[PDB]
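To begin, one chain is listed below as structure tokens, in the form solved without the partner chain.
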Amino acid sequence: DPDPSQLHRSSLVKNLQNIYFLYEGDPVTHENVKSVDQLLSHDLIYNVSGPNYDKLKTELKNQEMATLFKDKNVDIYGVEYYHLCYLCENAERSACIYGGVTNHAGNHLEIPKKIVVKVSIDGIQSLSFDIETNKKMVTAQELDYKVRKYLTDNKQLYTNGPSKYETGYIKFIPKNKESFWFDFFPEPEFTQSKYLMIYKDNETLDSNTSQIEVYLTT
């Protein structure tokens, strides 16, 4: 886990809006789609379209994980970035993301499994809110997003400017697997590309046993 000194201070971030739009804006979601092309052996290009993009490239953990989902019909769910997102030169409407991929076949729930987010502020966990998905194995990225989307819009986690909280991070807790966490705030001078790499591992989770806690301080 993280120590107060391991956490990035929000008041130290330059252009924090750049995080804000990532979570304030809608995600990139797709259902039964198959890998169309590939730039580097560790990424997968999809001919999926969306507002502001007709192509999507996702960077995965490595080549192995990239060929592992290559010829499979997967579901995509992720927070994208455009600045520093290049492929060829004719594709002028592209968008990049890391991970956020999962097998489509046999990964669906007839009824959404809502997970309980334990938001603790300044040590007092006086808040609880739901978050749901239709996948049995979902990526921490799909869960992580919703968490921040909720908190942004209700607790003002982010704004088109500063943040009411000095520090903050999301902690994930797998049934029996070991835990991990993501710092809601970046380094002073960051880039969405670099920051988003917290989803490059594409670490999925069993939404039927996984737990989620959030630690925010003012």
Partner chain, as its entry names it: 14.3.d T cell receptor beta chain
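Positions refer to the first chain, counted from 1.
Higher mean CA temperature factor between 135-143 and 112-120: 112-120, per the PDB entry. According to the PDB record, 18-26 carries the higher mean C-alpha B-factor of the two stretches 18-26 and 197-205.
The entry lists C-alpha B-factors for 183, 178, 37, 187, and the highest of these is at 178.
Considering 64, 31, 153, 166 together, the PDB entry gives 31 the largest C-alpha B factor. Compared with the other modelled residues of the chain, the Cα B-factor recorded for residue 71 ranks in the highest third. Per-chain ranking of the deposited C-alpha B factor places residue 58 in the lowest third. Per the deposited record, the Cα B-factor of residue 149 falls in the lowest third when ranked against the other modelled residues of its chain. Per the deposited record, the Cα B-factor of residue 45 falls in the highest third when ranked against the other modelled residues of its chain. For residue 107, the recorded CA B-factor ranks within the middle third of the chain. Only modelled residues enter the ranking.
If you look for the form deposited with the partner chain bound, you will not find it shown, but the lines that follow are about it.
Looking at residue 82, you'd find a heavy atom of it within 4.5 angstroms of the partner chain in the deposited bound form. The closest non-hydrogen atom of residue 29 lies beyond 4.5 Å of the partner chain in the deposited bound form.
Mapping the unseen interface onto this chain, residue 167 falls outside it, with no heavy atom inside 4.5 Å of the partner chain in the deposited bound form. The partner chain in the deposited bound form is not approached by residue 163, whose heavy atoms all lie more than 4.5 angstroms from it. Contact annotation: the partner chain lies within 4.5 Å of heavy atoms from the stretch 82-90 in the deposited bound form, the single such stretch among 69-77, 106-114, 82-90, 122-130.
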